[PDB]
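Quick look at run_11.pdb (PDB, C-alpha atoms):
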ATOM      1  CA  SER A   5       0.000   0.000   0.000  1.00  0.00           C
ATOM      2  CA  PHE A   6       1.039   3.759   0.507  1.00  0.00           C
ATOM      3  CA  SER A   7       4.295   4.366   2.379  1.00  0.00           C
ATOM      4  CA  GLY A   8       6.243   7.349   3.698  1.00  0.00           C
ATOM      5  CA  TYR A   9       3.308   9.775   4.041  1.00  0.00           C
ATOM      6  CA  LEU A  10       3.044  12.389   6.725  1.00  0.00           C
ATOM      7  CA  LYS A  11      -0.414  12.407   8.323  1.00  0.00           C
ATOM      8  CA  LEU A  12      -1.995  15.888   8.256  1.00  0.00           C
ATOM      9  CA  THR A  13      -5.515  15.082   9.463  1.00  0.00           C
ATOM     10  CA  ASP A  14      -7.775  12.031  10.072  1.00  0.00           C
ATOM     11  CA  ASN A  15      -8.028  11.499   6.285  1.00  0.00           C
ATOM     12  CA  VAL A  16      -5.376  13.638   4.538  1.00  0.00           C
ATOM     13  CA  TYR A  17      -1.764  12.404   4.035  1.00  0.00           C
ATOM     14  CA  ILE A  18       1.141  14.076   2.169  1.00  0.00           C
ATOM     15  CA  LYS A  19       4.469  13.007   0.656  1.00  0.00           C
ATOM     16  CA  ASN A  20       7.202  14.668  -1.429  1.00  0.00           C
ATOM     17  CA  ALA A  21       6.904  12.373  -4.447  1.00  0.00           C
ATOM     18  CA  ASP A  22       6.447  12.318  -8.174  1.00  0.00           C
ATOM     19  CA  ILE A  23       2.799  11.193  -8.545  1.00  0.00           C
ATOM     20  CA  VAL A  24       3.756   9.128 -11.682  1.00  0.00           C
ATOM     21  CA  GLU A  25       6.398   7.201  -9.730  1.00  0.00           C
ATOM     22  CA  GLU A  26       4.017   6.874  -6.825  1.00  0.00           C
ATOM     23  CA  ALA A  27       1.237   5.539  -9.080  1.00  0.00           C
ATOM     24  CA  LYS A  28       3.578   2.991 -10.761  1.00  0.00           C
ATOM     25  CA  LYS A  29       4.660   1.743  -7.289  1.00  0.00           C
ATOM     26  CA  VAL A  30       1.281   1.601  -5.559  1.00  0.00           C
ATOM     27  CA  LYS A  31      -1.052   1.116  -8.566  1.00  0.00           C
ATOM     28  CA  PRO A  32      -3.891   2.654  -6.523  1.00  0.00           C
ATOM     29  CA  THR A  33      -7.609   2.189  -7.175  1.00  0.00           C
ATOM     30  CA  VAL A  34      -7.773   5.885  -8.123  1.00  0.00           C
ATOM     31  CA  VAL A  35      -5.164   8.329  -9.295  1.00  0.00           C
ATOM     32  CA  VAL A  36      -6.380  11.947  -9.652  1.00  0.00           C
ATOM     33  CA  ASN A  37      -5.298  13.905 -12.697  1.00  0.00           C
ATOM     34  CA  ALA A  38      -5.028  17.732 -12.624  1.00  0.00           C
ATOM     35  CA  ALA A  39      -7.110  17.982 -15.806  1.00  0.00           C
ATOM     36  CA  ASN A  40      -8.409  20.857 -17.903  1.00  0.00           C
ATOM     37  CA  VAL A  41     -12.005  20.888 -19.344  1.00  0.00           C
ATOM     38  CA  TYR A  42     -10.786  19.582 -22.699  1.00  0.00           C
ATOM     39  CA  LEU A  43      -8.786  16.690 -21.195  1.00  0.00           C
ATOM     40  CA  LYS A  44      -5.761  17.989 -23.153  1.00  0.00           C
ATOM     41  CA  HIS A  45      -2.920  16.519 -21.077  1.00  0.00           C
ATOM     42  CA  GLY A  46      -0.125  18.776 -22.226  1.00  0.00           C
ATOM     43  CA  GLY A  47       1.870  19.800 -19.173  1.00  0.00           C
ATOM     44  CA  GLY A  48       2.129  19.628 -15.388  1.00  0.00           C
ATOM     45  CA  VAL A  49       0.682  16.548 -13.690  1.00  0.00           C
ATOM     46  CA  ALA A  50      -1.567  15.787 -16.723  1.00  0.00           C
ATOM     47  CA  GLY A  51       1.314  15.788 -19.206  1.00  0.00           C
ATOM     48  CA  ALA A  52       3.393  13.587 -16.917  1.00  0.00           C
ATOM     49  CA  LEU A  53       0.561  11.039 -16.239  1.00  0.00           C
ATOM     50  CA  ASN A  54      -0.329  10.931 -19.943  1.00  0.00           C
ATOM     51  CA  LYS A  55       3.329  10.430 -20.976  1.00  0.00           C
ATOM     52  CA  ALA A  56       3.562   7.514 -18.483  1.00  0.00           C
ATOM     53  CA  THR A  57       0.588   5.850 -20.260  1.00  0.00           C
ATOM     54  CA  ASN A  58       2.399   6.154 -23.667  1.00  0.00           C
ATOM     55  CA  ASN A  59      -0.383   8.615 -24.717  1.00  0.00           C
ATOM     56  CA  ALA A  60      -3.149   6.000 -24.104  1.00  0.00           C
ATOM     57  CA  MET A  61      -4.738   8.428 -21.585  1.00  0.00           C
ATOM     58  CA  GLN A  62      -4.913  11.144 -24.279  1.00  0.00           C
ATOM     59  CA  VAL A  63      -6.446   8.796 -26.896  1.00  0.00           C
ATOM     60  CA  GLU A  64      -9.085   7.651 -24.394  1.00  0.00           C
ATOM     61  CA  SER A  65      -9.693  11.276 -23.299  1.00  0.00           C
ATOM     62  CA  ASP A  66     -10.202  12.528 -26.888  1.00  0.00           C
ATOM     63  CA  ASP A  67     -12.825   9.787 -27.447  1.00  0.00           C
ATOM     64  CA  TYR A  68     -14.513  10.866 -24.148  1.00  0.00           C
ATOM     65  CA  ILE A  69     -14.586  14.552 -25.252  1.00  0.00           C
ATOM     66  CA  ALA A  70     -15.826  13.635 -28.764  1.00  0.00           C
ATOM     67  CA  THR A  71     -18.808  11.831 -27.144  1.00  0.00           C
ATOM     68  CA  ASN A  72     -19.543  14.045 -24.132  1.00  0.00           C
ATOM     69  CA  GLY A  73     -18.106  17.491 -24.737  1.00  0.00           C
ATOM     70  CA  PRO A  74     -15.889  19.305 -22.270  1.00  0.00           C
ATOM     71  CA  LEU A  75     -16.021  19.015 -18.507  1.00  0.00           C
ATOM     72  CA  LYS A  76     -17.040  21.977 -16.314  1.00  0.00           C
ATOM     73  CA  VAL A  77     -14.388  23.792 -14.229  1.00  0.00           C
ATOM     74  CA  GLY A  78     -14.877  22.132 -10.805  1.00  0.00           C
ATOM     75  CA  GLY A  79     -16.102  18.927 -12.457  1.00  0.00           C
ATOM     76  CA  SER A  80     -14.666  15.497 -13.093  1.00  0.00           C
ATOM     77  CA  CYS A  81     -14.919  12.271 -14.985  1.00  0.00           C
ATOM     78  CA  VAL A  82     -13.754   8.722 -14.254  1.00  0.00           C
ATOM     79  CA  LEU A  83     -11.674   7.083 -16.973  1.00  0.00           C
ATOM     80  CA  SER A  84      -9.141   4.208 -17.060  1.00  0.00           C
ATOM     81  CA  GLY A  85      -6.004   4.438 -14.942  1.00  0.00           C
ATOM     82  CA  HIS A  86      -4.103   2.492 -17.664  1.00  0.00           C
ATOM     83  CA  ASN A  87      -0.738   1.282 -16.263  1.00  0.00           C
ATOM     84  CA  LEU A  88      -0.918   3.752 -13.325  1.00  0.00           C
ATOM     85  CA  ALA A  89      -4.085   2.842 -11.427  1.00  0.00           C
ATOM     86  CA  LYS A  90      -7.451   1.021 -11.828  1.00  0.00           C
ATOM     87  CA  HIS A  91      -9.107   4.397 -12.573  1.00  0.00           C
ATOM     88  CA  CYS A  92      -8.078   7.951 -13.240  1.00  0.00           C
ATOM     89  CA  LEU A  93     -10.353  10.611 -11.780  1.00  0.00           C
ATOM     90  CA  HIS A  94      -9.785  13.632 -14.077  1.00  0.00           C
ATOM     91  CA  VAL A  95     -10.610  16.639 -11.907  1.00  0.00           C
ATOM     92  CA  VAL A  96     -10.712  20.219 -13.225  1.00  0.00           C
ATOM     93  CA  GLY A  97      -9.561  22.781 -10.687  1.00  0.00           C
ATOM     94  CA  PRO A  98      -9.817  26.488 -11.626  1.00  0.00           C
ATOM     95  CA  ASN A  99      -6.823  27.753 -13.565  1.00  0.00           C
ATOM     96  CA  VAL A 100      -6.083  31.149 -12.000  1.00  0.00           C
ATOM     97  CA  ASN A 101      -3.697  31.791 -14.959  1.00  0.00           C
ATOM     98  CA  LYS A 102      -6.800  31.665 -17.240  1.00  0.00           C
ATOM     99  CA  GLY A 103      -8.934  33.928 -14.947  1.00  0.00           C
ATOM    100  CA  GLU A 104     -11.102  31.077 -13.524  1.00  0.00           C
ATOM    101  CA  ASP A 105     -12.875  31.533 -10.194  1.00  0.00           C
ATOM    102  CA  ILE A 106     -10.724  30.263  -7.251  1.00  0.00           C
ATOM    103  CA  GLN A 107     -14.053  29.584  -5.397  1.00  0.00           C
ATOM    104  CA  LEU A 108     -14.484  26.563  -7.781  1.00  0.00           C
ATOM    105  CA  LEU A 109     -11.527  24.850  -6.054  1.00  0.00           C
ATOM    106  CA  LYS A 110     -13.842  23.576  -3.279  1.00  0.00           C
ATOM    107  CA  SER A 111     -16.236  22.140  -5.931  1.00  0.00           C
ATOM    108  CA  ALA A 112     -13.256  20.462  -7.613  1.00  0.00           C
ATOM    109  CA  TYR A 113     -12.176  18.812  -4.309  1.00  0.00           C
ATOM    110  CA  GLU A 114     -15.767  17.600  -3.661  1.00  0.00           C
ATOM    111  CA  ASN A 115     -15.292  15.127  -6.529  1.00  0.00           C
ATOM    112  CA  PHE A 116     -12.771  13.261  -4.299  1.00  0.00           C
ATOM    113  CA  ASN A 117     -15.613  12.373  -1.863  1.00  0.00           C
ATOM    114  CA  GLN A 118     -17.050   9.883  -4.367  1.00  0.00           C
ATOM    115  CA  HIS A 119     -13.919   7.649  -3.891  1.00  0.00           C
ATOM    116  CA  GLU A 120     -12.911   5.933  -0.616  1.00  0.00           C
ATOM    117  CA  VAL A 121      -9.171   6.350  -1.255  1.00  0.00           C
ATOM    118  CA  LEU A 122      -7.228   8.384  -3.810  1.00  0.00           C
ATOM    119  CA  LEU A 123      -3.641   9.239  -4.790  1.00  0.00           C
ATOM    120  CA  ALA A 124      -3.794  12.939  -5.824  1.00  0.00           C
ATOM    121  CA  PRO A 125      -1.943  16.124  -6.561  1.00  0.00           C
ATOM    122  CA  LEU A 126      -2.873  19.512  -5.009  1.00  0.00           C
ATOM    123  CA  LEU A 127      -5.614  20.889  -7.246  1.00  0.00           C
ATOM    124  CA  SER A 128      -5.010  24.203  -9.039  1.00  0.00           C
ATOM    125  CA  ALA A 129      -1.377  24.262  -7.834  1.00  0.00           C
ATOM    126  CA  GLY A 130       1.675  24.442 -10.176  1.00  0.00           C
ATOM    127  CA  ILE A 131       0.898  25.667 -13.675  1.00  0.00           C
ATOM    128  CA  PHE A 132      -2.759  26.229 -12.642  1.00  0.00           C
ATOM    129  CA  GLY A 133      -1.528  29.276 -10.707  1.00  0.00           C
ATOM    130  CA  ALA A 134      -3.307  29.006  -7.347  1.00  0.00           C
ATOM    131  CA  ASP A 135      -1.512  29.300  -3.974  1.00  0.00           C
ATOM    132  CA  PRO A 136      -0.714  25.675  -2.980  1.00  0.00           C
ATOM    133  CA  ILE A 137      -1.063  26.546   0.735  1.00  0.00           C
ATOM    134  CA  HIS A 138      -4.668  27.646  -0.008  1.00  0.00           C
ATOM    135  CA  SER A 139      -5.223  24.435  -2.084  1.00  0.00           C
ATOM    136  CA  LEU A 140      -4.089  22.229   0.820  1.00  0.00           C
ATOM    137  CA  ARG A 141      -6.395  24.095   3.255  1.00  0.00           C
ATOM    138  CA  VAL A 142      -9.381  23.638   0.873  1.00  0.00           C
ATOM    139  CA  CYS A 143      -8.407  19.969   0.466  1.00  0.00           C
ATOM    140  CA  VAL A 144      -8.383  19.198   4.229  1.00  0.00           C
ATOM    141  CA  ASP A 145     -11.642  21.240   4.769  1.00  0.00           C
ATOM    142  CA  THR A 146     -13.504  19.587   1.831  1.00  0.00           C
ATOM    143  CA  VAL A 147     -12.308  16.022   1.306  1.00  0.00           C
ATOM    144  CA  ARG A 148     -13.682  13.463   3.815  1.00  0.00           C
ATOM    145  CA  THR A 149     -12.344  10.335   2.064  1.00  0.00           C
ATOM    146  CA  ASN A 150      -8.704   9.097   2.370  1.00  0.00           C
ATOM    147  CA  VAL A 151      -6.501  11.308   0.169  1.00  0.00           C
ATOM    148  CA  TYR A 152      -2.756  10.672  -0.299  1.00  0.00           C
ATOM    149  CA  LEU A 153      -1.248  13.863  -1.703  1.00  0.00           C
ATOM    150  CA  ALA A 154       1.923  13.679  -3.786  1.00  0.00           C
ATOM    151  CA  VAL A 155       3.797  17.054  -3.925  1.00  0.00           C
ATOM    152  CA  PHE A 156       6.557  16.900  -6.521  1.00  0.00           C
ATOM    153  CA  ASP A 157       8.500  20.000  -5.438  1.00  0.00           C
ATOM    154  CA  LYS A 158      10.610  19.326  -2.211  1.00  0.00           C
ATOM    155  CA  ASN A 159      10.812  23.023  -1.339  1.00  0.00           C
ATOM    156  CA  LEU A 160       7.018  23.406  -1.731  1.00  0.00           C
ATOM    157  CA  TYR A 161       6.451  20.181   0.287  1.00  0.00           C
ATOM    158  CA  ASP A 162       8.562  21.618   3.166  1.00  0.00           C
ATOM    159  CA  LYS A 163       6.696  24.938   3.034  1.00  0.00           C
ATOM    160  CA  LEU A 164       3.280  23.164   3.022  1.00  0.00           C
ATOM    161  CA  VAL A 165       4.126  20.964   6.034  1.00  0.00           C
ATOM    162  CA  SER A 166       5.819  23.727   8.059  1.00  0.00           C
ATOM    163  CA  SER A 167       2.912  26.176   7.480  1.00  0.00           C
ATOM    164  CA  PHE A 168       0.052  23.648   7.985  1.00  0.00           C
ATOM    165  CA  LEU A 169      -2.308  24.841  10.676  1.00  0.00           C
TER     166      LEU A 169
END
As structure tokens:
Amino acid sequence: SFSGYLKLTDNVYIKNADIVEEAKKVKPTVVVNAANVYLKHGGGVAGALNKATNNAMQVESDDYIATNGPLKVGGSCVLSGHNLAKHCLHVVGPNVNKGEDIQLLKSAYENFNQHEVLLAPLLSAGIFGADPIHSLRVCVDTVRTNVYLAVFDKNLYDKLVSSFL
């Protein structure tokens, strides 16, 4: 199972890890992708997860979008986890860099409550432009299921743990 996580709350855990390497090691039931509404997995966590699937995640995602249209910001869809997990929960957090409402970050985290345990990144952090300290606070105040957070950046991981209220 999951190893080396620091416990933040009853249900939230955190580790300085590359979520791709973590997914290949654990092969969890659910890995969360930091998706955009188009499921275009170009960069950040999405680009890295998609590259690990040899682009199979992108091919599956394009078929999903062709059938269903784009997701909503704050929304999600469940697709295959390919070689990384049983399922991938593609969750769209607001992209502050695109002028999206930061208040949608709580709606984005609510999607995690439909899964008993998840391996996940901090939503809207990184190239999505939100403050990761704010993202972690929304995570612990919104998610009630067991969430194992992988924070790639060591310096950000240290700042998140040392500032956690």
Could you list as a PyMOL selection string every residue that has an atom within 9 Å of (-7.4, 7.1, -14.2), using the file's coordinates and counting only C-alpha atoms?
-> chain A and resi 33-37+61+82-86+88-94
Expected answer as JSON, numbers by chain: all residues with atoms within 12 Å of (7.2, 10.9, -10.9), only C-alpha atoms = {"A": [20, 21, 22, 23, 24, 25, 26, 27, 28, 29, 48, 49, 50, 51, 52, 53, 54, 55, 56, 88, 125, 154, 155, 156, 157]}
Enclosing box along x, y and z for every listed atom of stretch 69-84 of chain A, padded 5 Å each side, centre and size in Å, one decimal, as AutoDock Vina command-line options:
--center_x -14.3 --center_y 14.0 --center_z -19.8 --size_x 20.4 --size_y 29.6 --size_z 28.0
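Compared by their closest atoms to residue A:136, and using all atoms listed in the file, the residues A:118, A:15, A:167, A:73 rank with A:167 nearest.
Closest approach to residue A:129 among A:74, A:103, A:98, A:46: A:98, based on all atoms listed in the file.
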